[PDB]
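Chains as they are written, first to last, in the entry's author numbering: chain A, 0 to 267, 290 to 485; chain C, 0 to 266, 290 to 485; chain D, 2 to 266, 290 to 485; chain B, 0 to 267, 290 to 485.
By construction, the Cβ of each residue, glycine as well, lies at the ideal position given by its N, Cα and C atoms.
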Amino acid sequence: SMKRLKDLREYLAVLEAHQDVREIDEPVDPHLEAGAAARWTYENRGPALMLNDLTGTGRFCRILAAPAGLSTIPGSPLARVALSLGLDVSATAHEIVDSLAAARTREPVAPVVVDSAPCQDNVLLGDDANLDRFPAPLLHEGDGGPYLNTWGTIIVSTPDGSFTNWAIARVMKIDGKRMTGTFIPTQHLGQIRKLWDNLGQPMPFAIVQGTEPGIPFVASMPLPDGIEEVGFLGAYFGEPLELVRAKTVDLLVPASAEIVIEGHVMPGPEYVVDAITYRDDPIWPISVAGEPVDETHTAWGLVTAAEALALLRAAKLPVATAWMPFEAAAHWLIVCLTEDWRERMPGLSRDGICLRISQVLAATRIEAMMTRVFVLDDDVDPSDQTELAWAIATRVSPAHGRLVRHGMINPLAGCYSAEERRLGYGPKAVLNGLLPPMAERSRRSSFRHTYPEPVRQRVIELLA
Amino acid sequence: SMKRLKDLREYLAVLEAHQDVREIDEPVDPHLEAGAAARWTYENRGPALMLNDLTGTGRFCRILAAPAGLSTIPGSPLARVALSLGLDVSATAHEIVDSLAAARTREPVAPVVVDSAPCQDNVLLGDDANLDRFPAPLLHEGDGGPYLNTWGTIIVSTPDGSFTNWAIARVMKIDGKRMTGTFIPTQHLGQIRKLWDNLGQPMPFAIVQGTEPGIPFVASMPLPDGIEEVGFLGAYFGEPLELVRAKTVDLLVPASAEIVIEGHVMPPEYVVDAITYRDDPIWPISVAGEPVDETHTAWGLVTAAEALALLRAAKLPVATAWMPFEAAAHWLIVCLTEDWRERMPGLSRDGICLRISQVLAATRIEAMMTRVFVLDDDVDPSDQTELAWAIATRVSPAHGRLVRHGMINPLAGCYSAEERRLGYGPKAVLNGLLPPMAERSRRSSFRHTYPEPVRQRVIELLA
Amino acid sequence: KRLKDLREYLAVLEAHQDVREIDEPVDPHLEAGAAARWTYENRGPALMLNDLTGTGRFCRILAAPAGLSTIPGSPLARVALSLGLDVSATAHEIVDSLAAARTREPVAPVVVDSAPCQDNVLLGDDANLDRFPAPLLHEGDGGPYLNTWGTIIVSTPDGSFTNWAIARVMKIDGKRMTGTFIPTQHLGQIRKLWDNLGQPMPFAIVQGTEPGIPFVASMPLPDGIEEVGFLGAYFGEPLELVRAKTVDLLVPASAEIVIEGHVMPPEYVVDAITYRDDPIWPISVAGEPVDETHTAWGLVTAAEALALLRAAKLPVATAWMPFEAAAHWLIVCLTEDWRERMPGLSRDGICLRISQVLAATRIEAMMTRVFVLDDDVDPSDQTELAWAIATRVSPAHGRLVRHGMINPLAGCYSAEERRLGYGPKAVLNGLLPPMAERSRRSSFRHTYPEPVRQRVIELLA
Amino acid sequence: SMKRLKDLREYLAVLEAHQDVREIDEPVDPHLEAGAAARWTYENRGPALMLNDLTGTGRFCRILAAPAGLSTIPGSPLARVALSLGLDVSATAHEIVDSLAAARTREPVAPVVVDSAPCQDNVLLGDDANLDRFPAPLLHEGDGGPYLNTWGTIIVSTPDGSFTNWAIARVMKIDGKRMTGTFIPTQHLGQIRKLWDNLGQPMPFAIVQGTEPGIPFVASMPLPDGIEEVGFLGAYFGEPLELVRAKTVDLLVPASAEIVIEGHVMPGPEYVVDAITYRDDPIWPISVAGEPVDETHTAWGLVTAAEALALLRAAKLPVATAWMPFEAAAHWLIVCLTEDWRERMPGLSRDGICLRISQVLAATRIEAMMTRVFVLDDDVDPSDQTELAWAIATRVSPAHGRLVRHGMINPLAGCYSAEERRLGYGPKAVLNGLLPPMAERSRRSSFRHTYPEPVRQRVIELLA
Ligand SMILES: [Mg+2]
Ligand SMILES: [Mg+2]
Ligand SMILES: [Mg+2]
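See the structure below:
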């Protein structure tokens with residue numbers, strides 16, 4: 000039933016068919032212009048951009064901007080997300096998070112190793128394996144340097160080869176042979192690196208760009224500790240991902256990649294480039310994070326809502342859907358309960374079920390970033406920004422129904438004081454916007470909710 | 000400088016010129032279909048509808064649906080509000096509330112009495128003055144009966160004639176001669192009803208429909224106690240309002256009306295004595311419900327303009343004020359000028375929120391403000407995405423909330439049954455102010471993170 | 002059993018060994034105030050300071066006139082005796098007596114031909130405040146506080162309303178004094194009427210009256226209620242007054258000293297000072313608990329709250345301003361059957377209603393916190409009260425916050441809240457669930473059958 | 000410098016010397032009268048009671064009631080606590096918690112094994128080891144049965160013998176050979192019984208009554224996971240505690256005990294008695310928990326404040342003292358900061374230091390029972406109930422300066438709803454009652470704070 004797109008070329012051919020990708024043949028400077036073009040695209044809900052000619056490297060390597068920004072397809076703003084996750088172009092916000100959460104109840108599917116892949120048609124070794132051959136975009140005026148990895152995946156394995164992590168972490172260019180990035184000890188990349196430091200050996204790595212579109216979504220997903228992204232991807236699409244052996248490092252990489260950067264991480290934390298392999302006419306996708314709406318919101322926040330939905334359902338909570346509204350910049354989670362939630366959780370009041378949701382979320386990886394969690398009924402679509410704001414304004418008390426917890430916070434969230442940020446300790450709220458029992462509720466006043474179907478059908482016939 | 004539209008025909012001709020009104024010649028049943036057509040229009044941002052043919056009364060009286068709903072005019076969703084208030088079709092949310100607040104600093108302009116008006120071309124008296132000859136729309140399935148007044152103005156004078164109140168209150172049809180409605184004692188209509196009840200005499204009234212488009216906005220405005228709407232309308236437009244004498248009741252009604260329902264209120291039922299109308303009458307309706315309708319575009323908007331005027335009169339550095347339409351007239355956004363600290367030394371962010379709360383709490387409008395968000399003026403409160411982003415990223419999940427308990431809006435949704443029954447519940451003032459300009463982090467977007475040459479080069483490539 | 006003057010009051014305290022005479026000289030400059038603080042804080046007897054540096058044995062000073070009593074098992078005895086009750090009257094019986102008088106018609110006073118307070122009469126230059134002690138009660142004060150436990154009689158220009166207020170009056174020199182005339186109080190309002198006519202307001206300050214007067218003088222009665230009428234209704238008989246020698250004002254015949262004068266528009293001016301042989305000038309040295317700020321002002325404010333809450337038909341068993349909370353907290357105890365008496369309300373609902381009723385009254389601004397509790401706890405028992413708040417008030421919910429006018433002297437406000445006169449006040453819900461749904465209390469009285477308790481009392485008491 | 004009382008007889012001889020113990024020679028019924036006599040004693044601040052004749056067992060076994068209740072010694076209400084912890088009869092609230100916290104910075108002192116002890120002068124085995132030989136007091140109405148362990152220690156060890164826990168937990172009698180009690184998995188006793196259960200073996204146990212008076216205080220103390228109570232006692236007193244081998248179980252028990260009950264815990290959980298040993302004329306102390314003031318407040322709450330003081334100081338916080346007020350029934354912790362706290366914690370505001378205190382406490386075992394923590398200055402004595410209430414009323418804002426955290430709660434605390442108790446999830450607050458800087462403060466108005474020393478000395482001469 001899934002319609003999985005197997006590489007970036009298939010993804011781009013589907014966006015072409017829906018007139019949702021534009022080619023720019025005029026030269027664009029990776030120094031700020033490429034990043035600015037990506038921001039213009041996100042903010043004006045423009046087509047994805049194929050930057051065909053870049054200052055410094057010419058037409059050698061293309062750049063794909065806004066790979067999963069909001070779509071131009073009429074009535075389908077989530078189309079790039081839907082297609083990236085093998086769903087219909089018009090799949091809803093609920094169908095998307097439900098598909099991802101459903102795969103969390105399935106057994107992982109191991110990948111398969113292929114003899115060859117287009118990502119190894121061109122191989123650069125030794126002094127030829129130089130990043131100066133590719134664009135080094137300075138994405139924002141104030142950045143420390145060029146961010147080479149914003150929509151690509153870092154691949155590392157434990158020394159024993161028992162666990163392989165695919166993660167999306169920012170990587171900054173130092174020079175043609177060296178890059179750097181953060182190895183936070185609370186995430187897998189850093190935990191795996193510590194195992195390589197204990198054995199006194201450089202950690203082999205590979206960074207892939209322009210893989211099949213579903214990979215960066217799963218690489219952004221806060222899966223539990225023992226779950227490999229490749230296995231989850233396999234369970235999600237219902238078939239094994241095809242991997243190819245890296246040329247210089249005993250790692251398996253997606254065969255769908257446009258570019259593969261291979262090397263070793265040395266404490267010097291520096292990534293040292295040993296080889297670069299790429300398919301003919303390579304494409305390097307970028308993601309330019311900032312205010313809504315970009316892949317921070319359409320990918321990272323969205324897959325975090327799908328993980329919350331899976332965790333809440335695993336705790337046997339009657340959750341209809343979960344969503345991280347794009348306008349709230351991945352600061353809010355909306356939890357919608359089924360209409361029969363009281364029958365499914367018999368001893369709890371509205372405050373009681375909010376206490377239980379808080380208790381369940383508080384025990385997970387993702388709790389620290391939830392600055393606010395709004396608990397609402399499923400008569401509200403949390404992906405409809407007007408209906409969501411209306412529900413919060415009219416259903417959340419101005420004083421009560423707020424559960425405040427203090428603890429770890431997202432250091433990048435905006436709603437914290439300087440001392441809260443410095444201590445890494447601040448407030449997170451769970452807000453109760455649930456209504457009284459369905460029979461006790463006042464009828465909703467709108468076209469859909471206040472008129473009989475024959476009257477609505479007659480009006481649609483006259484006006485639509 | 001204002002471009003006032005003197006009646007409903009001028010208003011409709013301007014909407015026609017901007018392709019923002021659609022004529023429906025097929026019959027529409029006032030029983031639910033008219034209300035449903037109005038809701039479809041609001042919710043799909045459709046053109047205003049001129050319901051030309053209505054079952055029961057045919058083509059006699061027309062109905063105007065979504066008279067001040069969101070506009071179809073590209074890039075100008077507030078165009079119906081702007082044109083209704085004599086402004087340019089493209090006037091912004093700020094220009095609109097600023098125009099209304101500016102008129103609060105001006106002296107009232109007394110109206111002028113004219114000898115005749117089109118609203119009296121046809122006069123029905125005695126048994127002919129029957130509301131069954133006009134449409135009686137059942138606007139929502141669950142309503143108690145037909146709501147005859149939703150976008151019309153009820154004119155009422157004190158027994159001494161020293162004060163003339165123009166108000167917009169709900170009026171439900173009982174039969175062809177009788178209507179009923181709420182006379183809340185905290186409003187001028189319920190306060191003036193207490194003066195005519197004390198004298199044991201019936202209160203004369205006159206309800207007008209389809210007046211010039213600016214009247215229902217001022218009728219909805221919570222002006223201070225001693226301020227007549229007619230005087231404010233005169234100060235706003237910069238010229239006197241032309242009134243005509245009522246045929247049967249000693250009240251001065253707008254000469255721009257389509258229909259004038261004259262009568263007297265018994266000690290609460292409205293009893294019809296006369297119905298005058300101009301040729302080919304138009305009866306506008308407003309079908310209140312979820313965003314966005316005239317509850318939001320008129321009532322909430324004029325309440326933000328009054329808050330802006332009151333806050334400025336208290337010498338507060340308020341750049342703008344707005345009642346977001348998506349929040350259903352439950353929230354007020356107060357944006358402070360960038361130099362508010364220089365203008366209000368030596369208050370902290372919490373200090374200025376305390377002062378705003380203290381000022382608002384002393385006014386008429388405080389009870390309906392379920393939440394007030396105090397933000398900086400780098401946020402447009404009429405941009406729903408930017409507003410939600412500012413609240414999510416700038417209001418603490420726990421602190422910077424001033425809670426006050428007292429009178430509430432009995433129709434607001436965020437109250438318990440006991441809070442509604444007591445008429446006593448919580449109202450919050452939320453602090454979403456940034457630290458000083460120099461201390462602030464740079465905003466990350468196309469406009470805020472790139473040099474002008476880089477933005478201009480990108481606009482050249484992509485626009 | 003009303004005590005008609007300060008000598009009757011002092012004779013009753015003597016009979017209960019609750020007053021001590023200090024014949025050794027005490028300096029009005031700080032020592033008298035320090036002796037009063039030692040007394041309050043050590044729950045010592047009231048002090049009769051006979052010899053005072055500067056004036057000697059002329060005018061005596063009564064310290065801790067209504068401080069906590071030394072009488073075993075009766076700490077509220079000075080309050081009880083001051084209000085004509087039994088020496089052992091409880092916290093509840095005291096506030097209930099005062100609240101009961103609020104349901105009664107005022108009793109007009111009677112004018113007598115003479116009084117002991119006019120046995121001596123100083124006029125002109127003889128009317129010098131320097132003849133009497135001028136105590137500097139606290140190190141940091143601006144000057145001597147002459148009025149701390151006396152009453153300021155004032156009438157409107159038309160003579161239709163007479164206010165008996167207790168306000169702080171500071172000595173400037175031998176003839177002039179100064180004090181606060183807050184416009185939200187009667188003394189500031191009655192003053193505005195005299196300013197509108199462009200005339201000085203005649204006044205009269207009395208010291209050492211019958212002990213019940215300073216309690217009613219501290220009570221926040223409604224706007225149209227005279228203090229002398231309430232006193233008359235409280236005691237059930239008219240208050241005997243006398244015409245002031247130099248001003249058109251009637252003053253208590255029970256006074257020790259009467260200081261008559263005029264208020265030029290804020291300074292005061294003395295005309296005459298009349299007194300009875302061997303005068304006594306009582307003082308009140310306000311500070312940390314427990315003094316007359318707590319035993320009189322806070323207590324009478326709880327009695328007024330009890331009267332207002334009952335007038336709103338609320339099932340209030342008692343009300344109290346705990347002394348340890350320095351007149352910052354009001355405790356409202358509901359009757360056990362409150363749910364039957366207020367049928368549609370939840371615990372939160374009755375707290376909303378109490379808040380709504382209190383918010384409409386004069387006294388709301390000083391209630392920094394109001395705790396709504398059941399009547400199974402005594403709010404005058406500081407241990408039981410703290411236990412009830414700790415175990416029954418949620419650490420997060422059941423708090424109704426209101427913002428508005430505040431007591432500018434309350435401690436729990438920021439500098440900006442004080443400067444704006446706008447800050448938070450809370451109503452806390454500490455009500456238990458329905459009587460059947462409750463857990464049994466674990467203590468001697470609540471966990472054991474009466475035969476078992478009686479057998480234990482026989483063995484151990 | 001310590002003056003340790005090595006058994007209950009030494010403790011009782013010291014209370015006799017201070018006229019703080021009374022003997023009852025008239026028979027007292029263990030069914031409710033003994034418990035009622037203990038409550039009368041606590042509530043009237045009476046002497047400790049030695050009940051010499053108890054209905055059913057006569058003069059065989061005595062009962063000591065209110066072993067650490069408030070003392071009758073003039074000016075020394077904490078004397079039973081002070082003497083129990085080897086301090087002077089007049090040691091203050093601060094000196095007591097400071098002594099206990101100081102021992103937390105010291106190395107544990109291993110105990111010593113002795114050949115014999117008075118607690119084994121009489122040995123009952125087989126059918127003779129029957130609890131019906133001793134009083135079985137029904138302490139309260141509501142109690143499911145007789146509570147045999149209220150002021151005694153439960154001694155258990157791990158199968159490997161690497162860790163020995165001395166615990167004070169509820170033990171209710173079933174019959175003459177069987178008892179039951181709670182084995183909370185969050186405490187050591189339940190964690191240790193799981194290890195015996197995994198080996199398919201009953202857990203050996205010993206319960207001791209009437210040991211030296213310091214033991215029940217340390218058994219109530221929430222020490223960290225790897226710290227044995229016997230080692231802490233040794234470090235506290237500055238000398239090894241003397242133990243004797245148990246007769247029928249492989250455990251070491253205090254040689255100072257009046258009574259040893261030895262046996263094995265079975266899952267079907291029930292304590293089964295295999296031997297009872299006791300010294301001549303045994304004394305069985307009881308603690309009758311209820312409203313203030315009993316050993317719940319004078320021992321458990323007090324040692325929890327000492328542990329909080331030790332943890333806060335280990336986090337380098339400038340804490341002058343910590344205390345759990347007796348009137349607040351072990352629901353509140355008061356944290357008093359030193360006057361110079363701002364100099365010692367330079368970048369923090371009053372709210373900032375409260376956030377830091379909350380963060381430190383939240384990382385510890387004791388967080389859950391802290392329904393409220395009040396952060397005050399050290400110009401307030403938190404053991405003075407009037408001054409404490411005055412400080413909270415006048416210094417804590419009616420709305421702000423409250424940090425709320427949600428999580429684990431004390432299931433026995435009163436201030437929780439039925440749903441919060443059932444979920445084990447509810448609110449806990451940290452309240453900011455700190456004054457502004459010392460120069461910015463208003464002077465305190467009282468005898469001590471508003472008058473010069475010569476004026477105070479002159480007044481004391483006149484009136485004292
Ligand atoms: Mg991952
Ligand atoms: Mg008064
Ligand atoms: Mg332990």
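Return yes when the C-beta of residue i is under 7 Å from any heavy atom of ligand 3, and no when it is not.
i, result
"B/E364", "no"
"B/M220", "yes"
"B/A166", "yes"
By the three-class DSSP mapping on this structure, what secondary structure does residue i have?
i, result
"C/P215", "helix"
"B/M366", "coil"
"A/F468", "helix"
"A/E291", "strand"
Residues in the same chain with beta-carbon distance under 8 Å from residue i, minus the five sequence neighbours each way, listed in chain order, please.
i, result
"B/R3", "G85, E211, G213, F236, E238"
Between which residues of its own chain and residue i is the CB-CB distance below 7 Å, once the five residues before and five after are set aside?
i, result
"B/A218", "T152, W165, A166, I167, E228"
"B/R426", "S379, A383, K449"
Taking only heavy atoms of ligand 1 into account, decide whether any of them is closer than 7 Å to the Cβ of residue i.
i, result
"A/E316", "no"
Confirm, please, whether the CB-CB distance from residue j to residue i is below 8 Å.
i, j, result
"B/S70", "B/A64", "no"
"A/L358", "A/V340", "yes"
"D/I258", "D/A128", "no"
"C/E261", "C/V113", "no"
By the 10 Å Cβ neighbour count, where 16 or more other Cβ atoms means buried, how is residue i classified, buried or exposed?
i, result
"B/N148", "buried"
"A/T319", "buried"
Who are the near neighbours of residue i in its chain, counting only those whose CB is closer than 6 Å to its CB and skipping five residues on each side?
i, result
"B/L124", "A296"
"A/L194", "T157, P158"
Give a single yes or no on whether residue i has its beta carbon closer than 7 Å to a heavy atom of ligand 2.
i, result
"D/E482", "no"
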